[PDB]
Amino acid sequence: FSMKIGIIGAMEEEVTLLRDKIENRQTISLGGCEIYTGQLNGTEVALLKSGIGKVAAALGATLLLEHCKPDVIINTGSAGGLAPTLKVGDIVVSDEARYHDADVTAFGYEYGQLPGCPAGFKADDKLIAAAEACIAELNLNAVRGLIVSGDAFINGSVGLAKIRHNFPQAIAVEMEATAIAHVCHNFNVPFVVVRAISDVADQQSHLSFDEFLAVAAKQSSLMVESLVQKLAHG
């Protein structure tokens, strides 16, 4: 009864469903961000709306950790699906996060690695196990594996090809997860990403996202709600 779960979503649509469900809700406004505090089905939560891309996610995550000191972080939201069995609405769970757009290979760092960081950030094993238990209980289709982040909306063409080449094992792509993982790494806070597929990052991904962002928000929010309850009680 003394756990506080931090949850981070980038777009307002990505946090609005959870935000609705928060009891005794209060809003903290700082640094261009909002954090909603209160309880989700009894469990104390702090839900950050970060805004879009790596710096917004990093600024937001840093305020959430400093102001709220959550025990763990769960990153919720939509994603572009890369793994072949994924369909719109399916869940993706991070094993690990990597930047697809960092390149200091001129000095022999690994592609995707920034100097001062590990080449990728591992998500927490217990959080991952708890997410997989929720996926089973909810009877959802999910893939676990590497999620890659960058400051680009992937829409086929080179951008997609470059990711498939550099990270053939990446299951999904998005724009905040890695930055949240990098902040959590620096503060020793366990994280997991539990997103849902809104598009498959190909030349029609903008139209698929226009159509399916809400479905992905709903599916990822349902998972996060289940996860929070499982973590809190088992």
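Residue numbers run from 1 along the displayed sequence.
Per the record, averaged over C-alpha atoms, which has the higher B-factor: 98 to 106 or 133 to 141?
Mean CA B-factor is higher for 133 to 141.
Return whichever of 35 to 43 and 177 to 185 has the greater mean Cα B factor according to the PDB record.
Going by the record's values, the stretch with the higher mean is 35 to 43.
Per the PDB entry, which option out of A123, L86, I74, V148 has the greatest Cα B factor?
So the option with the highest C-alpha B-factor is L86.
Relative to the other modelled residues in the chain, which third contains the C-alpha temperature factor of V55: lowest, middle or highest?
As the PDB entry reports it, the C-alpha B-factor of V55 lands in the lowest third of its chain.
Based on the entry's values, in what third of the chain does the Cα temperature factor of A196 lie: lowest, middle or highest?
Bottom third by C-alpha B-factor.
Rank-wise, by C-alpha B-factor, drop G112 into the lowest, middle or highest third of its chain.
Lowest third.
Among the modelled residues of its chain, does the C-alpha B-factor of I7 lie in the lowest, middle or highest third?
For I7, the deposited C-alpha B-factor lands in the lowest third.
Among modelled residues of the same chain, the CA temperature factor third for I91:
Tercile = middle for this residue's CA B-factor.
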